[PDB]
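Below sits a lone chain in structure tokens, taken as the form deposited in one PDB entry.
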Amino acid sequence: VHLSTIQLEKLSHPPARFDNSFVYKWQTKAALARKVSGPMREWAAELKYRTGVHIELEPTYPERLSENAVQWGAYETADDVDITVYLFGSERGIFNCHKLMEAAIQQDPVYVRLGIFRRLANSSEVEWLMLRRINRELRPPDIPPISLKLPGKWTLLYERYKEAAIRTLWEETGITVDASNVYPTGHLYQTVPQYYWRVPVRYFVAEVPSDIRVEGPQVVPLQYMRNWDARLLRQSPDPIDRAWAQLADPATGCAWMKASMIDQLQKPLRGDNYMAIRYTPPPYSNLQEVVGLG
């Protein structure tokens, strides 16, 4: 796959807070600094590949991040959070990186999810392809160790929503879907000031043939659950594990599950209507009836 103005204030001398590179500073809000670092620090890593400059963020007034009620007091939303961006690199680096950021501020970095479903014989219900990605141990305090997810990752710099959903679908399942068969189904943005770095998420759906070859993760494959012990996990007290043993393929790390099961499994850590809120097809797709979410 094919992998208004920002006022930078040059620091004549670097503060010992970080100790012949140049150092530039940008004072802005989390509404904008969210996009220069991106969904998973990935847009920052890409600004690093393209220009070589390193980026670091820090709240300007972290003390306001501890108050509950509202220059002083609690922040109302995560977008009013004051953020200080520091750029480290050559002068041509900060220069080249400066416009890339000025094009990134106008984009909308998001996480993307492609709900892949298949029809069943003797059926009006459908099954969805499910993954279990094991999260890094350097993760915020509200993110569990293992995430039961549908295929999808995040957009790259300059990448549109649906192409990212198509790209990252193949990266985690080896399945190739055509753009004419992907339909947008919704978007969520639920963040709180303390999680000022959270980006929204765009949702899509598509139907694959019932006999489709599910190869599994094609990128970072050891970052997903596979080759588990069938009996060991069958006695786990977590209902998701007990569901993973019964349904998932240990060779690929993928499982086909009904929407009545997904919402039940996701109910503790998400709530009700998990599938219907995210993956309800639009009427023009002739898919609402076959999906069964209405």
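Rigid core (definition): largest C-alpha set, two forms, superposition within 1.5 Å. Note that residue numbering follows the sequence shown and begins at 1.
Another form, the form deposited in another entry, is not on view; read the next lines as being about it.
Superposing the two forms on their core leaves just one of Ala103, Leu120, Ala179, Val220 with a Cα displacement of at least 2 Å between the shown form and the other one, namely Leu120. Residue displacement note: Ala31 has its CA displaced by under 2 Å between the shown form and the other one (rigid core superposed). With a cut-off of 2 Å and the rigid core superposed, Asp142 has a Cα displacement that reaches or exceeds the cut-off between the shown form and the other one.
After superposition on the rigid core, the Cα atom of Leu57 is displaced by less than 2 Å between the shown form and the other one.
Compared with the form shown here, the C-alpha atoms of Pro39 and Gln194 sit at least 3 Å closer together in that other deposited form. Pairwise change in that other deposited form: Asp142 and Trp197 C-alpha atoms lie closer than in the shown form, at least 3 Å.
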